[PDB]
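Here the structure comes first, spelled out in structure tokens, and everything after it is commentary.
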Protein chains: 4
Amino acid sequence: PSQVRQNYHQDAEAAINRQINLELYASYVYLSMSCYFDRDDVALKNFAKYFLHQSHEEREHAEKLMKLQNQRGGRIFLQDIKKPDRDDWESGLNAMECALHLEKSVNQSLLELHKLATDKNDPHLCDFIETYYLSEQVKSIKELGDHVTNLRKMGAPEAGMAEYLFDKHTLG
Amino acid sequence: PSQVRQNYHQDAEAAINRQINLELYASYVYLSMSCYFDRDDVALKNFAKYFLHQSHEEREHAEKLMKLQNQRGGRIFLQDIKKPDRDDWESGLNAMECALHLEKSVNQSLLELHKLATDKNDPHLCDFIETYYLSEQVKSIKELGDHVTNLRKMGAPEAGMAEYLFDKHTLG
Amino acid sequence: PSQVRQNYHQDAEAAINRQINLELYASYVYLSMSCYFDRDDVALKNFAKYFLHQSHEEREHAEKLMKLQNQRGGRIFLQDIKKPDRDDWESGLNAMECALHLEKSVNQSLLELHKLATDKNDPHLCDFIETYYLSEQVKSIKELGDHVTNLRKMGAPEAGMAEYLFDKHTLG
Amino acid sequence: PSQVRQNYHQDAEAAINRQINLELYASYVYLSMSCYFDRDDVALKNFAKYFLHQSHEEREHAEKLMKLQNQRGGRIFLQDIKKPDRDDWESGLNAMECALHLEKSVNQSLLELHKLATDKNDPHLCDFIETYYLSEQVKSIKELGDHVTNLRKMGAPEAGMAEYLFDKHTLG
């Protein structure tokens with residue numbers, strides 16, 4: 001085993017690798033959303049900027065997870081990054097709802113990772129997950145819920161003014 | 001009696017304590033409004049900021065009243081701060097109308113306090129009420145009336161764009 | 001349920017509301033202490049400043065708790081803020097001892113909240129309580145214990161010089 | 001009559017002259033207190049500084065009253081400035097108590113002046129008295145009451161340390 005490895009279960013290492021892949025997949029999904037909103041028939045600059053920034057933060061989360069895995073003496077094993085479920089997101093509101101669903105799924109995987117670290121008596125992994133991944137995820141979920149609520153209130157996507165004004169005011 | 005007490009009726013002291021409680025209750029009501037507008041299914045950041053600022057100003061008014069009561073030689077007696085009448089305010093326009101009603105009620109209590117100080121021949125208390133409480137209250141009433149008029153003109157709350165644009169432009 | 005609510009028990013939401021009310025009550029108690037120490041027959045400026053600052057920090061704690069409740073998808077329900085047990089605190093030392101007792105009670109409620117979040121498997125709520133409410137409370141308890149020890153050592157309240165010199169040196 | 005005189009009763013002018021004399025007498029009393037505390041067998045530098053500053057503020061109040069009398073078209077008639085009741089004030093606490101009594105007497109004369117201006121329907125004189133003479137007087141009364149309370153609590157004048165430490169800390 002690794003010379004630095006201490007109180008690190010193999011199940012926790014496998015779960016960390018799975019979470020790395022999930023964060024990379026979320027980054028890919030946000031990249032797809034930004035590419036959709038950069039289209040000429042969509043033309044929402046701040047929506048694309050928002051989703052590109054989200055993609056970069058998901059990549060940063062995956063990088064920090066790989067740094068944690070190396071720093072605990074684990075071994076990083078990378079899998080295929082699956083393509084996003086769709087290439088056309090049909091709306092700003094629909095993309096925000098899909099991003100909310102993805103964020104909740106990532107949060108659920110983080111919760112199961114914290115539970116697995118708890119039952120394995122891994123206080124460092126639990127503290128890492130709580131400090132760097134749980135609060136940020138809950139903040140992102142709240143922000144996406146606020147965006148979805150505002151976009152539904154304005155009347156998106158049937159009201160054409162709604163997505164434009166949300167792009168100008170909230171995301172700009 | 002207090003060594004500093006001079007030309008301070010007991011009725012005026014009791015009315016000052018009642019006004020302290022009323023200002024604290026108004027602060028609690030504004031806190032409730034801000035909490036409502038911070039919800040995920042409401043999501044009006046500047047509405048919540050406005051009502052939180054109003055809560056802090058109401059608390060400051062209560063603190064100034066308690067400072068006046070101590071500075072005149074009276075004794076502060078604190079009562080229970082009653083909970084606000086409702087927890088769900090249903091709209092930005094409805095919350096503005098309720099805040100206008102609360103501001104008018106506080107203004108009316110201040111007017112009766114000034115009348116009681118006048119009939120007791122208390123020029124210092126009258127000057128204190130006029131300088132620090134009456135003009136600010138009338139300004140707040142005018143501002144809330146302007147907000148209510150604008151929100152009704154825009155078509156709140158049936159028009160979803162109206163509350164969002166008022167949040168962005170007037171309160172932002 | 002809320003669109004952002006995930007891994008948030010109803011028992012935890014009710015306990016958060018109860019803790020909100022307890023923090024508001026503690027703020028009211030500290031306000032009462034500051035009002036007592038601003039009296040003409042007491043005249044301890046730095047004691048009043050200390051207790052007013054404590055009241056403001058308790059209000060800030062309650063505001064952070066309501067922000068957490070909204071940010072987790074819970075619903076804030078406000079109760080009556082009960083009046084403090086007494087209006088005359090009789091001494092600086094007695095007020096410090098009562099503040100220590102109140103701080104220990106708030107700490108105990110926070111401990112039960114953390115236990116309830118632990119048995120409900122709520123790592124985000126546990127991390128929130130540990131990061132923002134436990135360490136600060138233990139620091140406040142230690143500071144109040146130090147103040148009480150110093151005031152008893154100097155001979156408060158029978159020694160009139162003791163409370164004055166503590167007001168000038170420690171709290172000033 | 002004066003070319004600028006308008007809505008200025010002769011009773012109000014006489015009361016203003018009497019108040020001018022009373023403020024000058026208060027300035028003389030504070031000068032006497034400062035001279036007492038500059039003595040070699042008393043030796044309280046900050047007590048003397050406090051009472052000299054009070055004398056200068058009383059002179060400023062008398063000058064403002066004379067400016068008001070000239071500005072309303074009245075005529076200033078100066079009387080003899082009576083000597084203070086005593087030259088030996090025996091203590092810092094006793095001097096603070098005598099200053100409190102003098103401040104309350106000046107406040108009472110100001111209250112009767114405001115009542116006379118009210119019954120004569122003189123809103124400018126009432127506003128002048130309220131703005132420049134009532135609030136400052138109540139603040140001075142509260143400050144002197146706080147000083148007296150602190151000095152009695154410390155054990156002045158039997159405790160020799162008390163007046164020295166009050167001179168160093170509160171007045172310094």
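Note on naming: chains are A, B, ... as they come in the structure tokens, residues start from 1 per chain, ligands start from 1 in the order shown.
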Shell of 12 Å around residue 156 in chain C, only C-alpha atoms, local chain residues under 4 positions omitted, as an NGL selection string: (:C and (90-97 or 147-152 or 160-167)) or (:D and (153-154))
All residues 9 Å or closer to range 119-133 of chain C, only C-alpha atoms, same chain fewer than 5 positions away omitted, as a list in words: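 The neighbour list is residues 111, 114, 115, 126, 127, 130, 131, 134, 135 and 138 of chain A; 7, 8, 9, 11, 12, 61, 64, 68, 107, 110, 111, 113, 114 and 138 of chain C.
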Quick one: which chain B residues come within 7 Å of chain C, and what is the nearest atom pair for each with the distance in Å to one decimal, counting only C-alpha atoms, rows ordered by chain and ascending number, as a Markdown table?
```
| residue | atom | partner | partner_atom | distance |
| --- | --- | --- | --- | --- |
| B:35 | CA | C:66 | CA | 6.9 |
| B:38 | CA | C:70 | CA | 6.6 |
| B:39 | CA | C:70 | CA | 5.4 |
| B:40 | CA | C:73 | CA | 6.8 |
| B:66 | CA | C:35 | CA | 6.9 |
| B:70 | CA | C:39 | CA | 5.4 |
| B:73 | CA | C:40 | CA | 6.8 |
| B:77 | CA | C:87 | CA | 6.5 |
| B:78 | CA | C:83 | CA | 6.2 |
| B:79 | CA | C:83 | CA | 5.2 |
| B:80 | CA | C:83 | CA | 4.6 |
| B:81 | CA | C:81 | CA | 4.8 |
| B:82 | CA | C:80 | CA | 4.7 |
| B:83 | CA | C:80 | CA | 4.7 |
| B:87 | CA | C:77 | CA | 6.5 |
```
How would the residues just chosen look if you wrote them out with C-alpha atoms as an mmCIF file, in the first residue's frame?
```cif
data_model
loop_
_atom_site.group_PDB
_atom_site.id
_atom_site.type_symbol
_atom_site.label_atom_id
_atom_site.label_comp_id
_atom_site.auth_asym_id
_atom_site.auth_seq_id
_atom_site.Cartn_x
_atom_site.Cartn_y
_atom_site.Cartn_z
ATOM 1 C CA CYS B 35 -37.867 35.973 5.494
ATOM 2 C CA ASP B 38 -35.981 35.106 0.772
ATOM 3 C CA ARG B 39 -37.912 31.889 0.022
ATOM 4 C CA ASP B 40 -37.067 29.674 -2.943
ATOM 5 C CA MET B 66 -35.301 53.301 25.197
ATOM 6 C CA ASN B 70 -33.451 56.212 30.368
ATOM 7 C CA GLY B 73 -35.291 59.232 34.309
ATOM 8 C CA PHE B 77 -40.472 47.771 31.119
ATOM 9 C CA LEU B 78 -40.412 45.270 28.264
ATOM 10 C CA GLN B 79 -43.423 43.205 27.209
ATOM 11 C CA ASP B 80 -43.744 40.213 24.910
ATOM 12 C CA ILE B 81 -43.059 40.897 21.238
ATOM 13 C CA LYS B 82 -46.134 39.461 19.529
ATOM 14 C CA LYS B 83 -45.685 37.363 16.413
ATOM 15 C CA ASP B 87 -46.172 34.177 7.748
#
```
